Amino acid sequence: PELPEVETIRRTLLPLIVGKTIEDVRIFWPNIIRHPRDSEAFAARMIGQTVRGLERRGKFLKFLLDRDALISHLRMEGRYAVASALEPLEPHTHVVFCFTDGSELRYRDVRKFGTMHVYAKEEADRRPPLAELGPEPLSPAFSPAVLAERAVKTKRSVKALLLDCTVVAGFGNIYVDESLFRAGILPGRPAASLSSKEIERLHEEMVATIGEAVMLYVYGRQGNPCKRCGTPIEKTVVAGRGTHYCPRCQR
DNA sequence: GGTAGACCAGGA
DNA sequence: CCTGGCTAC
Ligand SMILES: [Zn+2]
């Protein structure tokens with residue numbers, strides 16, 4: 001799930017779990033649990049706490065309980081569902097939170113790449129994985145000035161810069177390629193080579209692209225005609241990722 | 001201090 | 001082979 005999908009999960013999942021009290025936590029793939037390191041301590045500490053809220057930071061979900069926060073990243077295929085404890089579990093269910101009302105919050109992840117960290121609420125923002133997280137892309141805290149400052153002080157590509165969670169929170173591969181196309185900038189350009197005008201343009205397209213999605217031109221379209229000029233879209237590797245662009249319209 | 005690289009783990 | 005967000009040059 002990308003940022004807009006995580007925002008949808010946050011909004012839709014909250015009313016399905018708010019006010020429920022945890023009676024048990026069952027873990028079927030302990031590697032998902034990253035803090036406490038011991039999955040038995042993770043399960044034990046959550047028992048007896050009631051769900052009070054659900055927030056999002058980048059692509060992280062922050063479940064707010066009584067004393068603790070549970071910070072969850074779904075990576076590529078993680079999914080949450082609420083259902084009855086009476087029914088058989090679906091495949092790839094790796095963590096289940098059992099509530100006192102006989103319902104459960106189930107975490108499924110065929111890839112097993114997702115992560116869970118639990119800390120006292122007041123500690124969560126200063127611990128992994130939230131600690132060094134950059135500003136929300138749709139917030140005033142993410143500005144052209146902030147982007148420009150990061151761009152000039154790196155030798156990396158502009159794509160590598162945008163994928164960096166410390167620069168801007170949760171801006172995924174798909175939106176990086178789409179935004180760069182909409183801004184007319186090649187993904188392999190050194191970040192430090194962007195002009196002031198290019199940085200402002202890029203900022204505007206990043207906000208427009210992810211904003212529209214929260215409320216495709218190139219991604220996955222290799223070999224197909226550009227929707228703007230008809231030139232076939234190309235795919236290469238940039239910043240170690242599949243990268244799509246129009247070689248005519250991006251410079 | 002920056003930055004590349006390892007790392008995870010299963011469906012094509 | 002692709003992929004989001006602790007180690008070691
Ligand atoms: Zn084009």
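Lettering follows sequence order; numbering is per chain, from 1.
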Which whole-number value in Å describes the distance from [X] [atom1] to [N] [atom2]?
X	N	atom1	atom2	result
A/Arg111	B/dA12	CZ	P	11 Å
A/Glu132	C/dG4	CD	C1'	17 Å
A/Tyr175	C/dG4	OH	P	13 Å
A/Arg108	B/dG10	CZ	P	15 Å
A/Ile32	C/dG5	CD1	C1'	16 Å
A/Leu74	B/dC8	CG	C1'	16 Å
A/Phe171	C/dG5	CZ	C1'	17 Å
A/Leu163	C/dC2	CG	P	15 Å

>> Under a 4.0 Å threshold between the charged nitrogen and the carboxylate oxygen, would A/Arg201 count as salt-bridged to A/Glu205?
In response: yes
> Taking all non-hydrogen atoms of both residues, which atom of A/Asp68 and which atom of A/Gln49 are closest, and how far apart?
Replying inline: OD2-NE2, 2.9 Å
Has [X] got a side-chain N or O lying under 4.0 Å from the OP1 or OP2 atom of [N]?
X	N	result
A/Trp29	B/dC8	no
A/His73	C/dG4	no
A/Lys112	B/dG10	yes
A/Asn31	B/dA9	yes
A/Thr154	B/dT3	yes

>> For A/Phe60, does the six-membered ring have the charged nitrogen or CZ of A/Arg57 within the cation-pi criterion, i.e. under 6.0 angstrom from the centroid and within 45° of the normal?
In response: no
>> Can you confirm if the NZ or CZ of A/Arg228 lies within 45° of the ring axis of A/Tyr217 and under 6.0 Å from the centre of its six-membered ring?
In response: yes
>> The side chain of A/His92 is closest to which nucleotide in this list: C/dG4, B/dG11, B/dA4?
In response: B/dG11
>> Would you say the base of B/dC8 stacks on A/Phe113 (centre-to-centre below 5.5 Å, plane angle below 30°)?
In response: yes
> Rounding to the closest angstrom, what is the interatomic distance between B/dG10 and C/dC6 at atom P?
Replying inline: 22 Å
> Relative to the ring of A/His94, is the ring of A/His92 parallel (under 30°), tilted (30 to 60°) or perpendicular (over 60°)?
Replying inline: tilted
>> Both A/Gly170 and A/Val237 contact DNA chain C. Taking the nearest nucleotide for each, which residue is further toward the 5' end?
In response: A/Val237
>> Tell me if the side-chain of A/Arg34 makes a donor-acceptor pair with the base of C/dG5, cut-off 3.5 Å, by modelled atom types.
In response: no
> Can a donor-acceptor pair under 3.5 Å be found between the side-chain atoms of A/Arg156 and the base atoms of B/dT3?
Replying inline: no
